[PDB]
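Trainee: Task: produce atomic coordinates for the following.
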Amino acid sequence: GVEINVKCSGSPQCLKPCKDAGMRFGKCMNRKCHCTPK
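Mentor: Numbering: from 1, shown residues only. Have a look at this structure:
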């Protein structure tokens, strides 16, 4: 489960939370975020 509960809208809104997380690539969800670690 590499996802984090974050309020996202569109793909780039989740790109921001993952930016500070130091990871790359991600996705979105009705009320959740998706992050992909190396």
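Trainee: Surely residue 10 is in contact with residue 26?
Mentor: No - judged on C-beta atoms under 8 Å, residue 10 makes no contact with residue 26 at a distance of 11.6 Å. For the C-beta atoms, the positions are set from N, CA and C on the backbone; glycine is no exception.
Trainee: Show me the common contact partners of those two, please.
Mentor: Both residue 10 and residue 26 lack any common contact, where contact means C-beta atoms under 8 Å, 6 or more residues apart in numbering.
Trainee: Who has more neighbours out of those two?
Mentor: Taking other C-beta atoms under 10 Å, residue 10 and residue 26 do not tie; residue 26 has more neighbours (24 against 8).
Trainee: hang on, that one packs against residue 15?
Mentor: Yes - assessed by C-beta under 8 Å, residue 26 is found in contact with residue 15 at 6.1 Å.
Trainee: who does residue 3 bridge with?
Mentor: For residue 3, the beta-bridge partners are residue 34 (DSSP bridges).
Trainee: From what I see, it and residue 34 are in contact.
Mentor: Yes - with contact defined as C-beta under 8 Å, residue 3 reaches residue 34; the gap is 4.9 Å.
Trainee: Looking at the two, which is more packed in?
Mentor: A count of neighbours by other C-beta under 10 Å puts residue 34 above the other of residue 3 and residue 34, at 18 against 15.
Trainee: Could I get the contacting residues of the more buried one?
Mentor: Residues near residue 34 by C-beta under 8 Å, 6+ apart: 2, 3, 14, 26, 27, 28.
Trainee: Return the helix or strand hosting residue 15 as CSV; C-alpha atoms alone will do.
Mentor: According to DSSP states H and E, residue 15 maps onto helix 10-20. The C-alpha trace of helix 10-20 is given here as CSV (Å, rounded to 0.1, in the frame of the first residue of the first chain):
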residue,chain,number,x,y,z
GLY,A,10,-6.3,15.7,-10.5
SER,A,11,-2.9,14.0,-10.8
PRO,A,12,-0.6,17.0,-10.1
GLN,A,13,-2.3,17.9,-6.8
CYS,A,14,-0.9,14.5,-5.5
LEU,A,15,2.4,15.3,-7.1
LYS,A,16,2.9,18.0,-4.6
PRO,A,17,2.4,15.9,-1.4
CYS,A,18,4.8,13.3,-2.9
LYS,A,19,7.3,16.1,-3.7
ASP,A,20,7.9,16.9,-0.1
